[PDB]
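This document starts with one chain, in the form deposited in one PDB entry, laid out as structure tokens.
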């Protein structure tokens, strides 16, 4: 379960320094080059160690780590390609998407999160830019800011942040941290836009969220079923002990999806 790769396995293209790369043997991939600079092999013991723990993450709704590049002067993570881009990009394209496709995207996000909390991984940065979409509108979850991987992150969006982490950085994130973020993602999916569009200042704004202000449920111009609006209000309750587990979300939403939108 060692997956090292050489820089010269790959013909690049431009899109951290994310790059569209053809591996000469296995094909089209995405390459996050996290560092091009002086050899600094002081850390490789650790960067290979983090890469080991993310190779452990294999699920149809998570982005797969297909290989790493550790070479003197260039360090890269290589991910699978996702044709259509991130979730916001899709939601904002002109040909908008039926309620029932939005239904599945939600269920698939629910699935991927239940897998990650099963592995003890707290995502810590769930938001539409980390949700990637292929040609058939299937999503995979990614952690592009490297929020679970301190070593890679060091080398290298308050909208979705649970409030107990707003103006408190030392609080350890919990599963309920991500459930709040899922709540605002539900909102963005039906609003087809980022929340808090009309906000004065991010210091003003943070104080508003802590005091229980949320994104505008009226601002949802598409139809959004009642029970999904109630779900998102339930998932963004100020008290983390009052939000459900992702296992608990699924046990409510999968029946609702099967019997109302699929």
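Numbering follows the first chain given and starts at 1. In this text, rigid core is short for the largest set of C-alphas that superpose within 1.5 Å between two forms.
There is another form of this protein, the form deposited in another entry, and it is not shown here; the text below is about that form.
Shifts of 2 Å or more at the CA atom, core superposed, between the shown form and the other one: which of the listed residues 221, 230, 204, 39 is the one? The listed residue whose C-alpha shifts by at least 2 Å is 39.
Once the core is aligned, does residue 150 move its Cα by at least 2 Å between the shown form and the other one? Comparing the forms between the shown form and the other one, which are aligned on their rigid core, residue 150 does shift its C-alpha by 2 Å or more.
Is residue 73 among the residues whose Cα moves by 2 Å or more between the shown form and the other one after superposition of the rigid core? Where the cores coincide, residue 73 still shows a C-alpha shift between the shown form and the other one that is 2 Å or more.
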